[PDB]
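Undergrad:
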Amino acid sequence: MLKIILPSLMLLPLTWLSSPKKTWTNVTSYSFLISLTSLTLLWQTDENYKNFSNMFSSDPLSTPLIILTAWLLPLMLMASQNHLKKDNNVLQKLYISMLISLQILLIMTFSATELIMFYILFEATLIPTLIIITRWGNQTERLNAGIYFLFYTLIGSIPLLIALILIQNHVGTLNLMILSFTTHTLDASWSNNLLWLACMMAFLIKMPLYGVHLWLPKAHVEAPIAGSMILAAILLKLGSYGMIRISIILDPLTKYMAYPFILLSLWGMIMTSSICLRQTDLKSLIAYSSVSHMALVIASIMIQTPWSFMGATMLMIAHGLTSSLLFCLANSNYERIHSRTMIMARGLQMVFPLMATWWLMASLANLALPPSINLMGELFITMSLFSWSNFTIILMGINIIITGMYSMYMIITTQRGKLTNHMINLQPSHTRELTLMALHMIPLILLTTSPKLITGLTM
Amino acid sequence: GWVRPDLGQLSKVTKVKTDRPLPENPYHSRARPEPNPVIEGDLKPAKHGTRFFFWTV
Ligand SMILES: CCCCCCCCCCCCCCCCCC(=O)OC[C@H](COP(=O)([O-])OCC[N+](C)(C)C)OC(=O)CCCCCCCCCCCCCCCCC
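Next up, the structure:
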């Protein structure tokens, strides 16, 4: 893991020592090489786990998240290097440093073998995205969004720290494999119920669970494009990864303690899909779609079925890719028309045909068109939920119907229809942003071609 | 035949011979409690480093 961590660390001196006319080129190229290096974690020819060191290890669950982070860093640089052209050189290098630090800390968080180090890197990732949102956001409400994000996460994560220290005192090491082997069954008392809630509520906050999801739409709206990408594509999945890692020592009382959160997830995905149906802001629509998909992931992890875990992993990877792609397309329209209003730009299919093709493919990925990994994850989550209870199919079907409805509504109101001819400032297309859309869509196609990479721990 | 002592003679410490035995425990002291069993041995290094959470050394 050190062979990925060290050159990502060396990206920062490269950023601060490169010429201002060469910084973007050098950092983008070497981050692409970093991702190519990170692809060596897929060499898993055995049932064992690649425990590289005493503090770093690789997993069938951790590996796709690490590869996705390393792949998202150059895409974030390409996405963010347009709204920083009228910007100071040291501020540009600081922004690149923030993105690189996010990538480093997220790779270390996913490769961590010890839960206290996982929590330390959790908060370490909490810092620079707050800095990015607050400093390079556009509207006034970025400060309130950053406060909401930071303190939802902190109030979640403090009882997680208390619970981790308690489990460390009880067991001795807080090492993941040691806990997985010497797991003890809890006796289902009120203290154990509170311990369960303490170690689950941080991840449920960052997922986000319904009712506590209020930080996410304003944070994603007010964030810059790279911040929205890293948030919606890695940090929610970081919460899910924490849930999967910590759920192994919570038997058996997760069986009955999972009940309120499954109901919250299902009804919240219905409610947030309805909000997407009636939402006037494109980034808000994408954010609430992310809330619904992560609610599906929450329900799968709560029901703790091998099909549910596999569908959760596939939906994590697929939703990260398609949500970053949707945010990049919305940011292209935002850099064109300087607005986020859903209905303001309408006939963009006429002027931007290839970008309309990218929009259509992103939305078809969003509504889980087969045989994509989006549909793979959603279908296996549905199968596991129907095994858990046959009446969940009603909520699943309503969610699927509204999902297709808001995705096609987005397509029709942003691309189809008559062209808003007053928008004289419609530059044709940037090869940079078309490349960004291609670099989002192609890994979706390749993972659709070979879905065995992102199945996860259970299969 | 008595001679008055000079200046400084009555005020000095004199030895004296007696057959009365010296009291071995004049304070009537109880038995003193034993000290702690001090640990001896070579100072080996710390096992597996500091063992502070996830720190290897
Ligand atoms: C994001 C949500 C935040 C709020 C909810 C957080 C989780 C709620 C449920 C857990 C209780 C609170 C966290 C406790 C962390 C430690 C848990 C633990 O170790 O449990 C076992 C321990 C018990 O210790 P034990 O396990 O050693 O028990 C000994 C048992 N025998 C003797 C049988 C062996 O539980 C506690 O000590 C819990 C005491 C909590 C007292 C303080 C609560 C303050 C308020 C909490 C919420 C504050 C933030 C929100 C404010 C409002 C915002 C709108």
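As they're listed, the protein sequences go chains A and B.
Sequential numbering from 1 applies to the first sequence in the UniProt record's numbering.
Sequential numbering from 116 applies to the second sequence in the UniProt record's numbering.
From the three backbone atoms N, C-alpha and C, an ideal C-beta is built for every residue, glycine too.
Taking only beta-carbon atoms, is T171(B) less than 8 Å away from chain A?
TA: yes
Undergrad: Skipping 5 residues on each side, what residues in its chain have a beta carbon closer than 6 Å to that of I107(A)?
TA: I66, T69
Undergrad: Please list, in chain order, the chain B residues whose beta carbon lies closer than 8 Å to that of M55(A).
TA: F169, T171
Undergrad: Listed in chain order, which residues are found with a beta carbon closer than 6 Å to a heavy atom of ligand 3?
TA: Looking for ligand 3 in the displayed structure turns up nothing; the ligands present are ligand 1.
Undergrad: If you check the beta carbons only, do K218(A) and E335(A) fall under 8 Å apart?
TA: No, Cβ-Cβ distance for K218(A) and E335(A) is not below 8 Å.
Undergrad: Taking buried to mean at least 16 other C-beta atoms within 10 Å of its own C-beta, is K50(A) buried or exposed?
TA: buried
Undergrad: Which first and last residues belong to the alpha helix (DSSP H) in which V291(A) is found?
TA: 282-303
Undergrad: Measure the C-alpha to C-alpha separation of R135(A) and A79(A) and round it to an integer number of angstroms.
TA: 17 Å
Undergrad: From the DSSP output, in three-state form, read off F118(A) for me.
TA: helix
Undergrad: Run the CB neighbour count on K237(A), radius 10 Å, all protein chains shown included, and call it buried at 16 or more, exposed below.
TA: Flag for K237(A) reads buried.
Undergrad: Along chain B, in chain order, which residues have C-beta atoms closer than 8 Å to that of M117(A)?
TA: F168, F169
Undergrad: Using 8 Å as the cut-off, can you tell me whether the segment 310-327 of chain A makes contact with the segment 340-351 of chain A, which would need three or more C-beta pairs spanning the two stretches below that distance?
TA: no
Undergrad: Mind pulling the chain B residues with CB within less than 8 Å of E114(A)?
TA: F168, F169
Undergrad: Going by DSSP, name the residue or residues bridged to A112(A).
TA: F56(A)
Undergrad: The alpha helix (DSSP H) with residue 503(A) in it runs from where to where?
TA: Since the first residue shown for chain A is 1 and the last is 459, residue 503(A) is missing from the structure and cannot be characterised.
Undergrad: Helix, strand or coil, according to DSSP, for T129(A) in the structure here?
TA: helix
Undergrad: Buried or exposed: where does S101(A) fall if 16 or more other Cβ atoms within 10 Å of its Cβ makes it buried?
TA: buried
Undergrad: So, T153(A) versus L231(A), is the Cβ gap smaller than 8 Å?
TA: no
Undergrad: Would you tell me roughly how many angstroms separate the C-alpha atoms of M201(A) and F181(A), rounded to the nearest one?
TA: 24 Å
Undergrad: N48(A) by DSSP, collapsed to three states: which one?
TA: coil
Undergrad: Under the three-state reduction of DSSP, which class applies to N425(A): helix, strand or coil?
TA: coil
Undergrad: Tell me, please, whether the segment 153-164 of chain A touches the segment 196-212 of chain A by the rule of three or more beta-carbon pairs shorter than 8 Å.
TA: The segment 153-164 of chain A, when compared against the segment 196-212 of chain A, does touch it at the 8 Å Cβ threshold.
Undergrad: Do you know offhand how far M314(A)'s Cα is from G456(A)'s?
TA: Spanning the two alpha carbons is a distance of roughly 8 Å.
Undergrad: Is DSSP giving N138(A) helix, strand or coil here?
TA: Of the three classes helix, strand and coil, the one that applies to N138(A) here is coil, per DSSP.
Undergrad: I believe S407(A) touches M316(A) by the beta-carbon criterion, under 8 Å. Please report the beta-carbon distance rounded to the nearest angstrom.
TA: Actually they are not in contact, since the Cβ atoms of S407(A) and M316(A) sit about 19 Å apart, beyond 8 Å.
Undergrad: Terminal residues of the continuous alpha helix (DSSP H) containing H319(A)?
TA: 306-337
Undergrad: Rounded to whole angstroms, what is the Cα-Cα separation between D281(A) and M342(A)?
TA: 5 Å
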